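Here Cβ is always computed from backbone atoms with ideal geometry, including for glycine, and neighbour counts include all displayed protein chains. Please treat every number below as a calculation from the coordinates, not as lab data.
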Amino acid sequence: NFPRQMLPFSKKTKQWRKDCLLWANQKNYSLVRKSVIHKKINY
Amino acid sequence: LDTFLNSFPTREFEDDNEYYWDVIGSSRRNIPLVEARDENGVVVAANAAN
């Protein structure tokens, strides 16, 4: 999972930062945007 | 049991239908032999010559 952000700065280690990036490339919903396929048909 | 099921991330889904994922195999393969024949057409048996 996306790790704990409520840490001191010394416990924001290299492996803590690498697990935030690794969460991001495991792979969208927004409350004020359309779906991506709705926009791409418009382009 | 809550801590074990909180160690896995969450994917949202667009609908309430079934959901799939494509699993892949390779393009390289080997093919079994069925029989073998000589030039004249008779099948090569086990007790045959070269």
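Quick notes on this structure:
- Rg and Dmax of the protein assembly as shown, based on Cα coordinates, read 28.6, 85 Å.
- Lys/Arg +1, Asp/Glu -1 at C-beta; chain B dipole; positive extreme among B:9, B:23, B:45: B:45
- Pair-distance distribution P(r) for chain B, from all Cα-Cα distances in 5 Å bins starting at 0: 4, 10, 11, 9, 9, 8, 6, 6, 6, 5, 5, 6, 10, 5, 1 percent.
- Each peptide among A:9-17, B:19-27 gets the average number of other Cβ atoms lying within 10 Å of its residues, and from highest to lowest they stand as A:9-17, B:19-27.
- Dipole size of chain A about its Cα centre, with +1 on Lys/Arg Cβ and -1 on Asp/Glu Cβ: approximately 80 debye, rounded to the nearest 20.
- Share of Cα-Cα pairs in chain A lying beyond 13 Å, as whole percent: 67
- Between residue A:41 and residue A:10, the distance separating the two model label sites (each 7 Å from Cα on the Cα→Cβ line) works out to 5.6 nm.
- Within chain B: Cβ-based charge dipole about Cα centre, in debye rounded to nearest 20 (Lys, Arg +1; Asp, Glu -1): 560
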